[PDB]
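Chain residues, written in single-letter form:
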Amino acid sequence: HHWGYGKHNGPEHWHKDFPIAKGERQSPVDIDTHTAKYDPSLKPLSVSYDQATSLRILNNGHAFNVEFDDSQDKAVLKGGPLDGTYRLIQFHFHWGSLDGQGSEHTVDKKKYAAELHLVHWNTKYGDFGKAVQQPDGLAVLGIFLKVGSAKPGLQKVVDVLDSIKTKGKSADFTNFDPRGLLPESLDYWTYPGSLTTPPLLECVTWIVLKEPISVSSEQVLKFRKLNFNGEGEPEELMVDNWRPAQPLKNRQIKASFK
Ligand SMILES: O=C(O)Cc1ccc(OCc2ccccc2)cc1
Ligand SMILES: [Zn+2]
């Protein structure tokens, strides 16, 4: 497979290799704030990242992933809409060429500069590969980024990007604390959806925080210096690596807050 974000291999083409691209629970979606309903039965969200063990950062030619040790329950997401325990495996971002675009989810059609995805898998399925074959296999925590003040907790990420410029490059990335990427409030919207990249599997409970984080123009500018291409190939800047909003179909977005 040779999918990407360009004219010739972008989201409009994905359905030919990945027919589930036109499925019934695809992501992302527009979150219409006047149609999402407060759900008083949602339990409180529990983000337990105190023992998180980051290992490595990888440019995979689509984004960069910060990878965690998920061999035990070190960093987990529980509560909210979730049953059981979901283990953090990696985070990555989607971003734009310009500050007015970049997020995958939109809020009343508003696009943010970027979107962070913290990816967790359901431990009742034993491993990540098994979990993605299940409708409740993954829980992705989605956080919007807007351009304003710098995010101190992001700077370690920004500063390693020079060392993973091109596809297939990785760097050691130990002792990074993903708690520094969270906003103050954990108010969220939730709905059932999919991976937003091939293979687009319909295995995700999406939990999208209402409060964006602010990052600086300098910080996001450094995301935009990454490359989709490998070393010694023609330079294609890693920008606009976001899939646009997909049909909501027969789904309801629930709000954790009134
Ligand atoms: O957070 C996102 O963008 C969704 C997302 C989360 C995890 C992810 O992992 C890669 C992958 C999953 C299944 C099969 C092959 C590759 C791919 C997409
Ligand atoms: Zn993502």
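By convention in this text, residue numbers begin from 1 on each chain and track the written sequence, not necessarily the entry numbering, and residues missing coordinates are not displayed. Chain A is the first chain written and ligand 1 is the first ligand written, with later ones labelled in order. Each side-chain value is derived from all of the structure's non-hydrogen atoms; neither hydrogens nor water enter the calculation.

As stated in the entry header, the method of structure determination is X-ray crystallography and the reported resolution is 1.70 Å.

Participant: Looking at this structure, how should I read the packing of aromatic side chains?
Facilitator: To describe a pair of aromatic rings, you give the distance between the ring centres and the angle between the ring planes. Only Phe, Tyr and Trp rings take part, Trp by its six-membered ring, and two of them pair if their centres are within 6.5 Å. Stacked means planes under 30 degrees apart, edge-to-face means over 60, and tilted covers everything else. Inspection of the entire model under this criterion finds 15 aromatic pairs. Here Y112 and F144 contribute two aromatic rings whose centre-to-centre distance is 4.5 Å and whose plane-to-plane angle is 20 degrees, an arrangement assigned as stacked. Placement of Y112 in the loop between β8 (106-107) and β9 (114-122) and of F144 in strand β10 (residues 138-147) is noted, with a sequence separation of 32 residues between them. For every residue, the accessible area (1.4 Å probe, protein chains only) is compared with the maximum for its type, and the residue is labelled buried under 20%, exposed over 50%, or partly exposed between those bounds. Assessed through its relative accessible area of 0%, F144 is described here as buried. One aromatic cluster is present, formed by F64, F68, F91, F93, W95, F173, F176 and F223 through successive ring pairs. Geometrically, a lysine NZ or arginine CZ counts as sitting over a ring once it is within 6 Å of the ring centre and also within 35 degrees of the ring normal. The ring of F257 carries the charged tip of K210 above its face, separated from the ring centre by 4.8 Å. Segments assigned H or I by DSSP are reported as helices when at least four residues long, segments assigned E as strands when at least two residues long, and all are numbered from the N terminus.

Participant: Looking at this structure, I do not really get the pairing of β10. What am I missing?
Facilitator: Looking down a regular strand, the side chains alternate between one sheet face and the other. In terms of burial, β10 is largely enclosed, as eight of its 10 residues are buried. Strands were regarded as paired on the criterion that DSSP finds at least two bridges between them. In this structure, β9 lies alongside β10, joined through eight bridges in antiparallel fashion. Its bridge partner lying in β10, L116 is registered against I143. Summarising the sheet, β10 and strand β13 (residues 204-209) pair through five bridges and their orientation is parallel. Counterpart to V140 in the pairing with β13 is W206. Where β10 lies against strand β14 (residues 213-215), three bridges are found, and the strand directions are parallel.

Participant: Looking at this structure, I do not really get the coordination of the zinc ion (ligand 2). What am I missing?
Facilitator: Octahedral metals with six donors have ideal donor angles of 90 or 180 degrees. Tetrahedral metals with four donors have an ideal donor angle of 109.5 degrees. The rule for donors is simple: an N, O or S atom within 2.8 Å of the metal counts, and for Na, K and Ca the reach is 3.2 Å. Water is not among the atoms, so a site may look short of donors. At 2.0 to 2.1 Å from the zinc ion (ligand 2) lie its protein donor atoms, namely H92 (NE2), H94 (NE2) and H117 (ND1). Each donor residue of the zinc ion (ligand 2) lies on the same chain, and together they follow the pattern H-x1-H-x22-H. Pair noted here: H92 is in strand β7 (residues 86-95) and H117 is in strand β9, with a separation of 25 residues, a long-range link. For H92, a relative accessible area of 11% gives the class buried.

Participant: I'm lost on the site of ligand 1 in this one. Help?
Facilitator: Here a residue is considered near a molecule or strand provided that any single heavy atom belonging to it is located within 4 Å of it. Within the structure, ligand 1 sits among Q90, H92, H94, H117, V119, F128, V140, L195, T196, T197 and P199. For this analysis, a polar contact is any N or O atom pair within 3.5 Å, provided that within protein one partner can donate a hydrogen and the other can accept it, and provided that sequence-adjacent residues contribute only side-chain to side-chain pairs. In the model, an oxygen atom of ligand 1 is placed 3.3 Å from a nitrogen or oxygen of the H94 side chain. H117 places a side-chain nitrogen or oxygen 3.2 Å from an oxygen atom of ligand 1. The dominant element in the shell around ligand 1, judged by the number of residues it contributes, is β7, at three residues. Residues are grouped as follows: nonpolar covers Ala, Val, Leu, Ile, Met, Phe, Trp, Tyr, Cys and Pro; charged covers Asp, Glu, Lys and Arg; every other residue, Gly included, is treated as polar. Classifying every residue of the shell around ligand 1 gives five nonpolar, six polar and no charged.

Participant: What's the story with the side chain of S54 in this structure? I'm lost.
Facilitator: Within the secondary structure, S54 is located in strand β4 (residues 54-59). Accessibility expressed as a relative area gives 2% for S54, which makes it buried. There is a polar contact of 3.1 Å between the side chain of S54 and the backbone nitrogen of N175. Of note is the side chain of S54, whose polar atom sits 2.9 Å from the backbone nitrogen of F176. If sequence neighbours within four positions are ignored, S54 has contacts with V66, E67, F68, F173, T174, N175 and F176. Residues are treated as being in contact if the distance between any of their heavy atoms lies within 4.5 Å.

Participant: Could you clarify how one ought to interpret the nonpolar core in this entry?
Facilitator: Nonpolar side chains in soluble globular proteins generally cluster together in the buried interior. Residues grouped as a nonpolar core are buried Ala, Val, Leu, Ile, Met, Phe, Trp, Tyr and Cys residues, joined through side-chain atoms within 4.5 Å. Counting 50 residues, the largest nonpolar core has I57, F64, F91, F93, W95 and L141 as its most contacted members. When residues in this core are grouped by element, the largest group, five residues, is from β7. In this structure, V29, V132, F144 and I253 belong to the second largest nonpolar core, which totals 23 residues.

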